[PDB]
>>> print(open('model.cif').read())   # mmCIF, C-alpha atoms
data_data
#
loop_
_atom_site.label_atom_id
_atom_site.label_comp_id
_atom_site.auth_asym_id
_atom_site.auth_seq_id
_atom_site.Cartn_x
_atom_site.Cartn_y
_atom_site.Cartn_z
CA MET A 243 24.60 153.55 61.64
CA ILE A 244 27.96 154.09 59.87
CA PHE A 245 26.72 151.65 57.16
CA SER A 246 23.69 153.94 56.84
CA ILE A 247 26.19 156.86 56.43
CA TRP A 248 28.29 154.86 53.93
CA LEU A 249 25.12 154.20 51.86
CA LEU A 250 24.18 157.94 52.11
CA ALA A 251 27.69 158.78 50.78
CA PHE A 252 27.21 156.85 47.40
CA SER A 253 26.10 160.05 45.50
CA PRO A 254 28.30 163.12 44.68
CA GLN A 255 25.23 165.37 45.24
CA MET A 256 24.67 163.76 48.68
CA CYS A 257 28.41 164.15 49.60
CA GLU A 258 28.22 167.90 48.73
CA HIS A 259 25.21 168.27 51.15
CA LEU A 260 26.00 165.77 54.03
CA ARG A 261 28.77 168.09 55.44
CA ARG A 262 26.29 170.08 57.66
CA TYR A 263 25.59 167.03 59.93
CA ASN A 264 29.22 167.18 61.35
CA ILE A 265 29.57 163.39 60.76
CA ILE A 266 33.38 163.00 60.26
CA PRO A 267 34.11 163.63 64.03
CA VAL A 268 31.70 160.84 65.19
CA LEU A 269 33.16 158.35 62.67
CA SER A 270 36.70 159.47 63.73
CA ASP A 271 35.78 158.97 67.42
CA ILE A 272 34.52 155.43 66.70
CA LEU A 273 37.67 154.84 64.52
CA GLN A 274 39.76 155.47 67.70
CA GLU A 275 37.33 153.91 70.26
CA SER A 276 36.34 150.76 68.24
CA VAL A 277 38.96 148.60 66.42
CA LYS A 278 36.22 145.97 65.60
CA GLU A 279 36.82 144.58 62.07
CA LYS A 280 33.32 145.44 60.71
CA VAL A 281 33.30 148.93 62.36
CA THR A 282 36.82 149.71 61.07
CA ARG A 283 35.83 148.59 57.53
CA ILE A 284 32.53 150.55 57.36
CA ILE A 285 34.22 153.79 58.60
CA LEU A 286 36.92 153.32 55.92
CA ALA A 287 34.09 152.68 53.41
CA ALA A 288 32.11 155.80 54.57
CA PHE A 289 35.27 158.01 54.54
CA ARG A 290 36.30 156.65 51.08
CA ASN A 291 32.76 157.30 49.71
CA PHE A 292 32.66 160.91 51.11
CA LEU A 293 36.10 161.82 49.67
CA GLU A 294 36.08 159.77 46.39
CA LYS A 295 32.45 160.64 45.38
CA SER A 296 33.12 164.38 46.00
CA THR A 297 33.43 165.48 42.32
CA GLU A 298 33.56 169.06 43.70
CA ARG A 299 37.28 169.70 44.50
CA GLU A 300 36.39 172.00 47.44
CA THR A 301 34.21 169.21 48.91
CA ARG A 302 36.94 166.57 48.28
CA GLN A 303 39.52 168.81 49.99
CA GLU A 304 37.04 169.54 52.82
CA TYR A 305 36.40 165.82 53.55
CA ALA A 306 40.16 165.05 53.39
CA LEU A 307 40.84 168.10 55.65
CA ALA A 308 37.99 167.38 58.16
CA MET A 309 39.48 163.86 58.57
CA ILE A 310 42.90 165.55 59.12
CA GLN A 311 41.37 168.02 61.68
CA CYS A 312 40.18 164.77 63.36
CA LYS A 313 43.82 163.47 62.76
CA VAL A 314 42.36 160.27 61.13
CA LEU A 315 45.58 159.65 59.09
CA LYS A 316 47.61 158.80 62.27
CA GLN A 317 44.87 156.36 63.33
CA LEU A 318 44.86 154.88 59.77
CA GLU A 319 48.63 154.27 60.25
CA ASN A 320 47.84 152.62 63.65
CA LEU A 321 45.22 150.49 61.80
CA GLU A 322 47.76 149.73 58.99
CA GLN A 323 50.11 148.34 61.70
CA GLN A 324 47.21 146.45 63.42
CA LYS A 325 46.51 142.89 62.13
CA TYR A 326 43.57 142.76 59.67
CA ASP A 327 42.90 139.90 57.17
CA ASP A 328 40.59 141.93 54.84
CA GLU A 329 41.61 143.77 51.62
CA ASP A 330 38.45 145.94 52.00
CA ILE A 331 40.17 147.25 55.19
CA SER A 332 43.81 147.29 53.90
CA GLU A 333 43.27 148.96 50.48
CA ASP A 334 40.82 151.61 51.80
CA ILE A 335 43.30 152.44 54.65
CA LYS A 336 46.02 153.00 51.99
CA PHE A 337 43.60 155.03 49.80
CA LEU A 338 42.69 157.38 52.70
CA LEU A 339 46.35 157.59 53.86
CA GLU A 340 47.21 158.86 50.32
CA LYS A 341 44.34 161.44 50.10
CA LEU A 342 44.61 162.64 53.73
CA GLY A 343 48.35 162.59 52.84
CA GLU A 344 47.42 165.74 50.82
CA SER A 345 45.42 167.61 53.52
CA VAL A 346 47.96 166.78 56.30
CA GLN A 347 50.31 169.18 54.42
CA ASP A 348 47.55 171.87 54.40
CA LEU A 349 46.82 171.50 58.17
CA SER A 350 50.49 171.07 59.34
CA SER A 351 51.14 174.60 58.05
CA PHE A 352 50.98 177.48 60.49
CA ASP A 353 47.28 176.83 59.59
CA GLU A 354 47.01 174.45 62.56
CA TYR A 355 46.59 177.88 64.31
CA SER A 356 44.08 178.94 61.59
CA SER A 357 42.02 175.79 62.36
CA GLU A 358 42.34 176.34 66.17
CA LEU A 359 40.83 179.83 65.59
CA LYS A 360 38.18 178.59 63.05
CA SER A 361 37.10 175.77 65.41
CA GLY A 362 37.47 178.00 68.53
CA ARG A 363 40.05 175.51 70.05
CA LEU A 364 42.27 178.29 71.52
CA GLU A 365 44.91 176.72 73.84
CA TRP A 366 48.57 177.04 74.94
CA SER A 367 49.35 174.90 71.80
CA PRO A 368 52.87 174.74 70.23
CA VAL A 369 51.76 177.01 67.32
CA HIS A 370 50.28 179.62 69.72
CA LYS A 371 53.44 179.42 71.92
CA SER A 372 56.23 179.31 69.25
CA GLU A 373 57.76 182.68 68.19
CA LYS A 374 58.54 181.43 64.61
CA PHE A 375 54.86 181.53 63.56
CA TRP A 376 54.33 185.20 64.54
CA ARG A 377 57.88 186.20 63.45
CA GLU A 378 57.13 184.89 59.91
CA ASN A 379 53.30 185.38 59.61
CA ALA A 380 51.78 187.87 62.18
CA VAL A 381 50.30 190.18 59.43
CA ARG A 382 48.04 187.25 58.27
CA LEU A 383 45.63 188.04 61.16
CA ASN A 384 44.15 190.52 58.60
CA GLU A 385 43.32 187.71 56.06
CA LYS A 386 39.81 186.88 54.70
CA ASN A 387 38.62 190.41 55.62
CA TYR A 388 40.25 190.34 59.11
CA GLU A 389 38.67 186.93 59.98
CA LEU A 390 41.33 185.86 62.52
CA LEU A 391 41.28 189.30 64.22
CA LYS A 392 37.43 189.12 64.26
CA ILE A 393 37.60 185.63 65.85
CA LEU A 394 40.12 186.73 68.52
CA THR A 395 38.06 189.89 69.18
CA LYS A 396 34.82 187.85 69.49
CA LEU A 397 36.56 185.35 71.82
CA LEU A 398 37.96 188.23 73.94
CA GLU A 399 34.38 189.68 73.87
CA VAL A 400 32.28 186.55 74.76
CA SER A 401 34.50 183.54 75.76
CA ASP A 402 34.12 182.15 79.31
CA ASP A 403 37.52 180.35 79.31
CA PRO A 404 40.45 182.20 80.99
CA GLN A 405 42.87 180.07 78.91
CA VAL A 406 41.15 181.23 75.68
CA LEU A 407 41.12 184.83 76.94
CA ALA A 408 44.79 184.75 78.04
CA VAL A 409 45.84 182.87 74.85
CA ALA A 410 44.01 185.51 72.80
CA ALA A 411 45.70 188.32 74.78
CA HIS A 412 49.08 186.57 74.15
CA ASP A 413 48.14 186.25 70.46
CA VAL A 414 47.44 190.04 70.40
CA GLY A 415 50.76 190.69 72.21
CA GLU A 416 52.78 188.71 69.63
CA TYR A 417 50.65 190.11 66.74
CA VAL A 418 51.64 193.69 67.75
CA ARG A 419 55.25 192.59 68.54
CA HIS A 420 55.80 191.03 65.06
CA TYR A 421 53.55 193.31 62.91
CA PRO A 422 53.76 197.04 63.93
CA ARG A 423 50.75 198.13 61.79
CA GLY A 424 48.79 195.49 63.78
CA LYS A 425 48.82 198.05 66.66
CA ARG A 426 46.94 200.52 64.40
CA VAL A 427 44.57 197.74 63.24
CA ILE A 428 43.66 196.68 66.86
CA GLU A 429 43.26 200.42 67.67
CA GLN A 430 40.94 200.87 64.60
CA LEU A 431 38.96 197.68 65.48
CA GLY A 432 38.79 198.85 69.16
CA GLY A 433 39.95 195.34 70.33
CA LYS A 434 42.26 197.04 72.90
CA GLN A 435 39.14 197.76 75.03
CA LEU A 436 38.67 194.02 75.71
CA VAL A 437 42.35 193.66 76.78
CA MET A 438 42.13 196.82 78.96
CA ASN A 439 38.93 195.44 80.62
CA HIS A 440 40.57 191.99 81.17
CA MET A 441 43.29 193.75 83.21
CA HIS A 442 40.65 193.33 86.01
CA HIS A 443 39.64 189.75 84.96
CA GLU A 444 39.11 187.24 87.84
CA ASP A 445 42.07 185.05 86.62
CA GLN A 446 45.71 186.04 87.25
CA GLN A 447 46.73 184.20 84.01
CA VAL A 448 44.30 186.46 82.07
CA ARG A 449 45.36 189.60 84.03
CA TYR A 450 49.05 188.80 83.39
CA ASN A 451 48.55 188.19 79.64
CA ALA A 452 46.30 191.30 79.44
CA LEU A 453 49.01 193.44 81.13
CA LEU A 454 51.65 191.83 78.89
CA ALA A 455 49.53 192.64 75.84
CA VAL A 456 49.06 196.26 77.15
CA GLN A 457 52.87 196.42 77.54
CA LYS A 458 53.43 195.07 73.98
CA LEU A 459 50.67 197.44 72.70
CA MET A 460 51.66 200.74 74.46
CA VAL A 461 55.39 200.31 75.43
CA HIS A 462 58.23 200.12 72.85
CA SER B 4 49.08 192.29 93.53
CA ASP B 5 46.86 195.08 92.17
CA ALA B 6 48.59 198.14 93.71
CA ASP B 7 51.89 196.64 92.40
CA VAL B 8 50.29 196.34 88.93
CA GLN B 9 49.51 200.09 89.32
CA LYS B 10 53.23 200.67 90.24
CA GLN B 11 54.18 198.78 87.04
CA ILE B 12 51.59 200.86 85.06
CA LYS B 13 53.25 204.02 86.55
CA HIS B 14 56.68 202.72 85.41
CA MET B 15 55.17 202.03 81.94
CA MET B 16 53.69 205.58 81.92
CA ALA B 17 57.11 206.98 82.86
CA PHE B 18 58.75 204.94 80.03
CA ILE B 19 56.06 206.12 77.53
CA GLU B 20 56.55 209.79 78.50
CA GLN B 21 60.36 209.42 78.56
CA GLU B 22 60.65 207.74 75.13
CA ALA B 23 58.13 210.27 73.76
CA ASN B 24 60.43 213.06 75.06
CA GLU B 25 63.43 211.26 73.46
CA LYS B 26 61.52 211.04 70.12
CA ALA B 27 60.76 214.78 70.34
CA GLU B 28 64.48 215.49 71.13
CA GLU B 29 65.66 213.30 68.19
CA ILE B 30 63.18 214.72 65.64
CA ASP B 31 63.91 218.32 66.73
CA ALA B 32 67.67 217.65 66.37
CA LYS B 33 67.30 215.92 62.96
CA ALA B 34 65.16 218.87 61.79
CA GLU B 35 68.01 221.33 62.46
CA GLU B 36 70.66 218.98 60.99
CA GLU B 37 68.69 218.46 57.75
CA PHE B 38 68.03 222.23 57.58
CA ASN B 39 71.83 222.85 57.69
CA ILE B 40 72.45 220.10 55.06
CA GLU B 41 69.61 220.94 52.61
CA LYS B 42 70.07 224.77 52.74
CA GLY B 43 73.84 224.38 52.35
CA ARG B 44 73.63 221.96 49.36
CA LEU B 45 70.88 223.99 47.65
CA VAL B 46 72.58 227.43 47.87
CA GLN B 47 76.04 226.03 47.03
CA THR B 48 74.74 224.20 43.91
CA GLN B 49 72.84 227.17 42.41
CA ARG B 50 75.48 229.79 43.45
CA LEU B 51 78.15 227.85 41.55
CA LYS B 52 76.03 227.58 38.32
CA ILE B 53 75.46 231.38 38.44
CA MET B 54 79.21 231.93 39.02
CA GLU B 55 80.12 230.12 35.76
CA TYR B 56 77.34 231.76 33.66
CA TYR B 57 78.58 235.27 34.52
#
>>> encode(input="model.cif", output="structure tokens")
Amino acid sequence: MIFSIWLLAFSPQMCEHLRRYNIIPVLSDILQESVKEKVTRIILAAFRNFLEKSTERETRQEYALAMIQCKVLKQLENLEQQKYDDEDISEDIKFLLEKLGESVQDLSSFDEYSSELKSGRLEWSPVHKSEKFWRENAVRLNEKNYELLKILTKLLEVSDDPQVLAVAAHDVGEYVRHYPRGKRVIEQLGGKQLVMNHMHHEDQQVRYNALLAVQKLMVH
Amino acid sequence: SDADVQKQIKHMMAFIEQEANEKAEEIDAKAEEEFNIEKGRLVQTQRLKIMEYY
């Protein structure tokens, strides 16, 4: 099947289009779950074809970055340390380590938070928890026509997960703490209503983070 | 739990009203101070130009 995907990835016009199948995660899963020599080699071949045949720079960056959102580069270093006798493994590992060696710098920004929002993977992650991010960047919640605010608002509107809800309330609390105009922006977006409703959420972690956000929103 | 959250909300309400009263007190004081400063500078500048012309 990954040989079928490697063959599909021979054309630049196919690599531009194949993105909508969400194929990099399933190859990255097998790349962790299956160290078999053939399987390793044909994933490296498929990943090399996707990235290298992407003549569109956005598509090249997107394949390198999707592999880095799957953290493929660390597994390629594990596979570089693993014993393999084949140059068609070794040289395609080193190729992808170099190209994903670009997009690792893009992801390992504060944008690991941007990707956690974009993917909906809200958690008590180090970049959610650390003050430095908000202290240096909180205003950026307004970027791409308020995209990160719109995500947090939608998650506070329709998420089922009390961690996501409480994380988002914490994110709103630090957003207002580190960007004062952010209070006005949440008040203009009406996002406060979600936080004020989640004061009576069924989870004490949500209720606590909702109250804490109401404190950081209304109290100096 | 939830009555004690309402006690904390009442403390927050008291802080909000108190610091709002402090902001009113500060701005009302700084209004009268900057009235004394600005009137005093403005009269004393123009009065002294008139004094030398005559």
>>> atom_distance(input="model.cif", atom1="CA of residue 55 (chain B)", atom2="CA of residue 39 (chain B)")
24.5 Å
>>> closest_atom_pairs(input="model.cif", of="chain B", to="chain A", cutoff="8 Å", atoms="all atoms listed in the file", output="JSON lines")
{"residue": "B:15", "atom": "CA", "partner": "A:461", "partner_atom": "CA", "distance": 6.7}
{"residue": "B:18", "atom": "CA", "partner": "A:461", "partner_atom": "CA", "distance": 7.3}
{"residue": "B:19", "atom": "CA", "partner": "A:461", "partner_atom": "CA", "distance": 6.2}
>>> write_last_selection(input="model.cif", atoms="C-alpha atoms", output="PDB file, in the coordinates of the input")
ATOM      1  CA  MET B  15      55.170 202.030  81.940  1.00  0.00           C
ATOM      2  CA  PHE B  18      58.750 204.940  80.030  1.00  0.00           C
ATOM      3  CA  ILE B  19      56.060 206.120  77.530  1.00  0.00           C
TER       4      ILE B  19
END
>>> atom_distance(input="model.cif", atom1="CA of residue 266 (chain A)", atom2="CA of residue 413 (chain A)")
29.4 Å
>>> atom_distance(input="model.cif", atom1="CA of residue 20 (chain B)", atom2="CA of residue 415 (chain A)")
20.9 Å
>>> resolve_selection(input="model.cif", expression="the PyMOL selection byres ((chain A and resi 405) around 10)", output="number ranges by chain")
A: 364-366, 401-404, 406-411, 445, 447-448, 451
>>> resolve_selection(input="model.cif", expression="the PyMOL selection byres ((chain A and resi 269) around 10)", output="CSV table (one decimal) with C-alpha atoms, in the frame of the given file")
chain,number,residue,atom,x,y,z
A,243,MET,CA,24.6,153.6,61.6
A,244,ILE,CA,28.0,154.1,59.9
A,247,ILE,CA,26.2,156.9,56.4
A,264,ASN,CA,29.2,167.2,61.4
A,265,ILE,CA,29.6,163.4,60.8
A,266,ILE,CA,33.4,163.0,60.3
A,267,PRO,CA,34.1,163.6,64.0
A,268,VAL,CA,31.7,160.8,65.2
A,270,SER,CA,36.7,159.5,63.7
A,271,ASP,CA,35.8,159.0,67.4
A,272,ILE,CA,34.5,155.4,66.7
A,273,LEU,CA,37.7,154.8,64.5
A,274,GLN,CA,39.8,155.5,67.7
A,275,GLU,CA,37.3,153.9,70.3
A,276,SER,CA,36.3,150.8,68.2
A,281,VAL,CA,33.3,148.9,62.4
A,282,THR,CA,36.8,149.7,61.1
A,284,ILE,CA,32.5,150.6,57.4
A,285,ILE,CA,34.2,153.8,58.6
A,286,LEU,CA,36.9,153.3,55.9
A,288,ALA,CA,32.1,155.8,54.6
A,289,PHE,CA,35.3,158.0,54.5
A,309,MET,CA,39.5,163.9,58.6
A,312,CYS,CA,40.2,164.8,63.4
A,314,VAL,CA,42.4,160.3,61.1
>>> residues_around(input="model.cif", residues="residue 382 (chain A)", least_positions_apart="6", cutoff="10 Å", atoms="only C-alpha atoms", output="NGL selection string")
:A and (356 or 376 or 388-391 or 417 or 421 or 424)
